[PDB]
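Residue numbers (PDB author numbering), protein chains in the order written: chain B, 4 to 299; chain C, 5 to 300; chain D, 9 to 14, 55 to 79, 92 to 300; chain A, 4 to 300.
Beta carbons: idealized from backbone N, C-alpha and C, even for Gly.
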Amino acid sequence: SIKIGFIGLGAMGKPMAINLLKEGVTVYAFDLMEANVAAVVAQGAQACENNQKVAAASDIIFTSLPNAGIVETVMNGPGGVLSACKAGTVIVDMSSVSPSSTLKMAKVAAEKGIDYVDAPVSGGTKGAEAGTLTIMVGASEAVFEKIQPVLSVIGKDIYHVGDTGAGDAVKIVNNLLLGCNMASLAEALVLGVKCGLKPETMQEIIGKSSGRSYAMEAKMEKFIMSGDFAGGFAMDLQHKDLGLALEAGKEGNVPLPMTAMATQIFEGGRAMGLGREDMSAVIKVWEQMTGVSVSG
Amino acid sequence: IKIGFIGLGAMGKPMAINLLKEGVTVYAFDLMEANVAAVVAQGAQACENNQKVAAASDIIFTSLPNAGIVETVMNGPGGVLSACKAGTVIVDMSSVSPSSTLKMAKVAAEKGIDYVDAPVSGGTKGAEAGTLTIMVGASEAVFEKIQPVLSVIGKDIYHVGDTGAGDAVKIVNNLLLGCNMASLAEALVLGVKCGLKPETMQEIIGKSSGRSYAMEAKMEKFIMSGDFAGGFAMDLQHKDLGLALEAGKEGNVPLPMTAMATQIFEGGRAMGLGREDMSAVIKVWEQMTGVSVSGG
Amino acid sequence: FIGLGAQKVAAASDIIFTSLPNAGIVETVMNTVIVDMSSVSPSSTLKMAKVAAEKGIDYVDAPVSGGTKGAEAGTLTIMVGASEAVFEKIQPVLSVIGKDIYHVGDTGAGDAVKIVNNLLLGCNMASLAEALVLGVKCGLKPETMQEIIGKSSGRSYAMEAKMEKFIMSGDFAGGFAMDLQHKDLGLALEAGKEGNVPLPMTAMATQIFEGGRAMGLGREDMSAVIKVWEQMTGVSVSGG
Amino acid sequence: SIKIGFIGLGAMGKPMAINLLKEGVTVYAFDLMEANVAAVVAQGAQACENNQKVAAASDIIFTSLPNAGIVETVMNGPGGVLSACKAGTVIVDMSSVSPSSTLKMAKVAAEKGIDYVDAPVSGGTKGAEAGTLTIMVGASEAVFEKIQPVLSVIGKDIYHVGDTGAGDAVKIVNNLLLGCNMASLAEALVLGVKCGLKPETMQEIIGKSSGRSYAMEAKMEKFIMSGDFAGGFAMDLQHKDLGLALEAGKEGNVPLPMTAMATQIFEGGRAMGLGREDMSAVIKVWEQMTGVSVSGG
């Protein structure tokens with residue numbers, strides 16, 4: 004009986020909608036690309052002419068937009084999603100944005116009797132397809148219990164991480180650490196090579212020692228030692244993530260010196276045209292400056 | 005077999021005892037009385053000075069504070085090197101640059117003395133249990149010669165490369181430990197400010213791409229408990245970061261993340277936290293912001 | 009004058065002055093010559109100039125320095141991004157309210173130069189803060205440092221302006237608010253990101269000033285950022 | 004008949020000795036390089052066989068050595084200068100070293116009745132020749148008054164900056180700021196150019212604005228805009244100075260984040276082979292990384 008809406012049907016939105024449809028959940032949908040609407044309508048989705056129509060028909064609405072500015076335009080802007088929602092509707096914003104962004108939307112939403120929830124996800128498109136996404140939720144207890152059953156169809160590990168802004172927050176904190184750990188690894192590996200260590204032995208030893216991190220596990224063999232930096236996690240995206248951390252630090256008055264430094268190092272890689280390569284490509288900032296070769 | 009100990013610190017003492025427990029002959033001298041007496045009770049043969057330990061021993065262990073003191077002890081007037089019989093191996097566990105050890109192996113070699121860097125990790129508890137991780141820079145021939153003795157005092161014995169490369173790999177590992185911790189410190193304070201429980205961050209980040217051994221070693225035992233007694237002293241982690249920066253300067257390798265981590269740990273030392281576990285560096289940000297992480 | 013800080057007006061005026069808090073408020077308020097003195101990125105101004113140009117309106121960035129005292133005395137330094145023709149047009153009016161009127165380049169270069177200047181002010185101050193604490197810890201009186209460094213190669217306007225009046229007095233009221241200096245450093249980082257120019261010194265200065273803000277020092281003069289190191293180390297400079 | 008000694012006669016030592024000789028003060032001297040001793044002996048210096056010889060004959064001894072390690076070797080090492088000094092002798096160490104380096108040495112000197120003072124100088128070789136050096140002295144009041152008249156021949160502005168280690172300290176603090184200000188300038192200028200500013204526009208405007216520094220005044224036109232980074236103040240030396248600051252920060256438990264970052268940026272320049280160029284050549288780090296052209300030539 005509960006009605007689900009999708010404002011946009013991207014790489015994530017589409018498989019999520021399909022998984023909901025396979026549980027016989029009523030799903031309304033609009034996307035600017037017609038073919039995306041048609042893809043889900045074939046699995047039983049009900050197409051809508053625009054965002055407002057999805058809003059008016061739905062109880063729980065999913066969205067994932069590129070930034071806070073677009074969220075505000077879509078939600079609060081002229082003829083916005085918020086104005087077209089019935090009271091008691093829940094908006095589930097999976098956009099990669101700062102907690103403060105979500106807090107300010109939740110405020111405007113609350114006045115209209117609309118519940119606004121940050122629920123960023125991890126697992127990618129493959130996790131989206133399999134319905135195994137990790138979903139980190141910032142909400143009241145009452146609202147989390149409201150939406151949890153629907154979340155449990157599209158994801159596997161559903162975390163109630165705190166109140167509003169907490170989903171966005173935990174993602175930002177995780178990705179900040181990934182970026183910092185990688186930036187630290189980049190210069191460390193160059194130093195080790197300069198001091199006569201083969202990357203193989205640094206991998207073997209540090210991998211079993213206290214210096215180890217997921218950053219190193221994920222990147223050293225596949226990207227750094229291969230020298231193939233195609234694919235993976237784009238340096239531009241990692242940089243964007245570090246910027247979101249810095250935005251959160253500014254808004255919360257929390258100094259972030261390591262994050263700040265990592266951000267500028269990755270900016271160096273971008274300056275060198277490496278933005279679309281996996282983020283571990285940032286090691287090339289140091290290789291080129293020193294003539295030390297790690298990525299053999 | 006004749007083992008010698010130039011100095012008998014927190015590490016030297018238990019190492020000598022473990023060797024004595026295997027019935028190996030151990031000669032020893034220390035700066036103070038009581039340390040020699042401690043091991044002589046376990047079967048050690050006391051010596052009047054360094055020069056006397058050197059003459060009697062086949063394998064000599066030392067761990068000195070810096071390269072300058074190594075220089076003075078080894079090569080200085082009436083030094084250890086001059087008193088060693090050819091074919092003697094010196095095992096230097098001092099936290100020093102590879103070049104320091106290179107410089108010293110070169111003078112040793114002309115005397116027919118083998119000089120190997122063998123820094124250790126595991127602390128005094130690992131020293132007592134004989135479970136130290138030992139990272140060795142040496143020739144293959146020299147490693148096989150000392151390995152059986154190393155195997156009594158340590159568990160994981162690594163032949164990491166030739167002379168100094170042992171210093172190098174320890175420096176690279178501990179640099180990463182320090183950077184990963186410094187990054188974690190600010191990240192956790194940000195997360196709490198954005199309304200996350202430390203527990204929550206531990207769960208999620210521990211299972212995601214931000215994770216590191218730093219977090220897994222320190223979070224629950226020290227940070228969440230708020231008990232920063234023991235562990236790995238902030239002074240020692242700072243020293244290690246300094247050795248990295250020395251190596252970076254000597255090799256012309258920029259180390260911006262390391263450099264920033266060093267100054268953050270200096271802040272902790274400025275606050276009187278040098279004797280606490282290195283994770284107490286989080287108090288830098290706690291004091292400045294008023295954000296409390298270190299509670300349960 | 010849209011606003012009078014420290055379309056009724058639009059329809060009547062030939063030259064309109066405004067200074068708004070950020071680019072978001074500019075594009076709300078905006079979207092004849094418009095002289096935008098707002099503290100914004102060059103790109104922000106470039107977008108507003110393009111929409112303005114479409115309906116025959118000239119849009120210039122003319123950020124100023126000199127503060128309220130310079131505003132009162134009519135001695136403001138004004139940095140202008142515009143065409144030659146448009147600068148020629150507005151210059152006589154600019155010359156009443158300011159002294160040194162610079163035609164720094166075309167649209168936005170005016171934003172650029174103020175951002176680059178204020179970045180350096182912030183970095184120079186952040187560097188000064190830790191330097192002074194080091195000196196005192198090593199047994200130097202602030203007075204001795206002011207004398208020697210003021211005459212040698214370490215000197216900067218930052219030191220010249222802040223050292224005696226704020227730091228040594230300990231009176232951090234007034235001056236140039238730490239929040240505003242931090243805002244300026246942020247604009248530099250925004251420009252660095254947009255232009256793919258690494259700004260490591262700026263980035264660290266920004267975080268050091270954020271520490272001051274975390275300590276509640278945001279409305280004090282920016283040289284108050286020295287308190288970050290004073291509180292952390294126990295070292296006192298800000299007497300004498 | 005005060006007796007002055009020189010342990011080494013470099014670019015600074017030589018003209019200092021000559022200025023002292025022109026006041027008719029007795030000057031003893033030794034240097035590894037023989038021609039340096041001959042240069043001053045022609046102006047009336049008395050040559051010595053070695054450092055100890057100079058030490059035994061002199062009341063006030065000048066030295067300027069490359070680092071704290073060499074200071075210890077020369078002063079305290081086997082057959083050192085300290086062992087050969089008579090009690091009441093004053094050592095004036097102009098070496099570029101940390102305050103702690105000097106404090107250690109002063110303590111070993113003090114037990115032998117020898118006064119040890121840090122007196123680093125500024126003004127360069129031209130100031131050394133003209134006798135117009137600025138001299139920053141860390142010492143007791145009694146010891147400063149003792150040596151001040153001799154200092155006043157070789158220098159013009161003689162500062163009693165504090166007790167032992169304060170001369171070293173003030174120099175370190177000044178040069179730290181120079182290095183930081185330059186590092187900040189480097190990235191700032193690249194940003195400005197990328198945003199469409201000419202270097203001339205920035206020099207003109209920032210030079211008359213709150214962003215200005217001596218770093219910018221000294222380097223912008225002569226080195227950066229010319230693109231000629233020959234001469235000036237070597238990047239290696241500025242880097243060394245920033246290292247001394249970090250050493251003092253560690254010893255005093257004073258965090259130095261801006262200094263630390265400046266140090267690593269200048270290390271980048273050294274990594275690119277720029278160590279012998281003027282330190283403003285550090286801007287080439289960002290030019291190479293970005294493709295942005297600021298420096299001329």
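query: Looking at residue 287 of chain C: is its Cβ nearer than 8 Å to the Cβ of residue 255 of chain B?; result: no
query: What are the start and end residues of the beta strand (DSSP E) that includes residue 158 of chain D?; result: 158-165
query: Quick one: what's residue 136 of chain C bridged to in DSSP?; result: C:158
query: Compute the beta-carbon to beta-carbon distance between residue 97 of chain A and residue 65 of chain A, rounded to the nearest angstrom, for a pair I have assumed lies under 8 Å.; result: 7 Å
query: For residue 203 of chain A, is the classification buried or exposed, using 16 other Cβ atoms within 10 angstroms of its Cβ as the cut-off for buried?; result: exposed
query: Using the Cβ count rule (16 or more neighbours within 10 Å means buried), how would you classify residue 62 of chain D?; result: exposed
query: Quick one: which residues of the stretch 61-92 of chain C get their C-beta closer than 7 Å to a C-beta of chain B? List them in chain order.; result: none
query: List, in order along the chain, the chain B residues whose C-beta lies closer than 9 Å to that of residue 253 of chain D?; result: 242, 246, 266, 270 and 273
query: Please determine if the stretch 218-237 of chain A and the stretch 73-83 of chain A are in contact, where contact requires at least 3 C-beta pairs separated by less than 8 Å.; result: no
query: In chain order, what residues of the same chain lie with their CB nearer than 6 Å to the CB of residue 179 of chain D, ignoring the 5 residues before and after it?; result: 248 and 262
query: List the whole-angstrom C-beta distance separating residue 214 of chain A from residue 181 of chain D, where the pair is believed to meet the contact cut-off of C-beta under 8 Å.; result: 5 Å
query: Going by C-alpha to C-alpha distance, which of C:184, C:46 and C:44 sits closest to residue 245 of chain C?; result: C:184
query: Less than 8 Å between C-beta atoms, sequence neighbours within five positions excluded: which residues of the same chain meet that for residue 82 of chain A?; result: 55
query: So what's residue 122 of chain B in DSSP terms, helix, strand or just coil?; result: coil
query: In this structure, how does DSSP classify residue 50 of chain C when only helix, strand and coil are distinguished?; result: strand
query: Can you name the residues that DSSP bridges to residue 7 of chain A?; result: A:30 and A:63
query: Secondary structure at residue 237 of chain A, three-state DSSP: helix, strand or coil?; result: strand
query: Would you kindly work out how many angstroms separate the C-alpha atoms of residue 231 of chain D and residue 126 of chain D, rounded to a whole number?; result: 20 Å
query: For residue 244 of chain C, which residues does DSSP report across the bridge?; result: In DSSP, residue 244 of chain C forms no bridge with anything.
query: Relative to the C-alpha of residue 18 of chain A, which residue among A:43, A:7 and A:229 is closest?; result: A:43
query: Between residue 67 of chain C and the rest of its own chain, which residues show a CB-CB distance below 7 Å, the 5 nearest in sequence each way excluded?; result: 11, 13, 15, 16, 97 and 98
query: Quick one: list the residues of chain D neighbouring residue 293 of chain C, beta-carbon separation under 7 Å, in chain order.; result: 274
query: Answer with yes or no whether the minimum CB distance from residue 258 of chain A to chain B is below 8 Å.; result: no
query: Starting from the beta carbon of residue 263 of chain A, find every residue of chain C whose beta carbon is closer than 8 Å, and list them in chain order.; result: 263, 264, 266 and 267
query: Which ranges does the beta strand (DSSP E) cover as unbroken runs of at least 3 residues, wholly within the stretch 85-124 of chain B, from first to last along the chain?; result: 93-96 and 118-121
query: Taking the alpha helix (DSSP H) that residue 195 of chain D falls in, what are its first and last residues?; result: 169-197
query: For residue 104 of chain C and residue 95 of chain A, I'd like the C-alpha separation in whole angstroms.; result: 31 Å
query: For residue 119 of chain C, return the contacting residues in chain B, with the cut-off set at a CB-CB distance below 8 Å.; result: Within 8 Å Cβ-Cβ: nothing; residue 119 of chain C doesn't reach chain B, min ~16 Å.
query: Is there contact here, the stretch 113-124 of chain B with the stretch 155-172 of chain B, by at least three beta-carbon pairs under 8 Å?; result: yes
query: Can you name the start and end residues of the alpha helix (DSSP H) that residue 207 of chain B belongs to?; result: 202-210
query: Roughly how many angstroms separate the alpha carbons of residue 117 of chain D and residue 79 of chain D, rounded to a whole number?; result: 12 Å
query: DSSP state of residue 16 of chain C, grouped into three classes?; result: helix
query: Any idea what DSSP makes of residue 283 of chain D, helix, strand or coil?; result: helix
query: Whose Cβ in chain C lies nearer than 7 Å to the Cβ of residue 197 of chain B?; result: 255 and 257
query: Return the first residue and the last residue of the alpha helix (DSSP H) that residue 222 of chain C is part of.; result: 217-222
query: Assign residue 253 of chain A to one of two classes, buried (16 or more other C-beta atoms within 10 Å of its C-beta) or exposed (fewer than that).; result: buried
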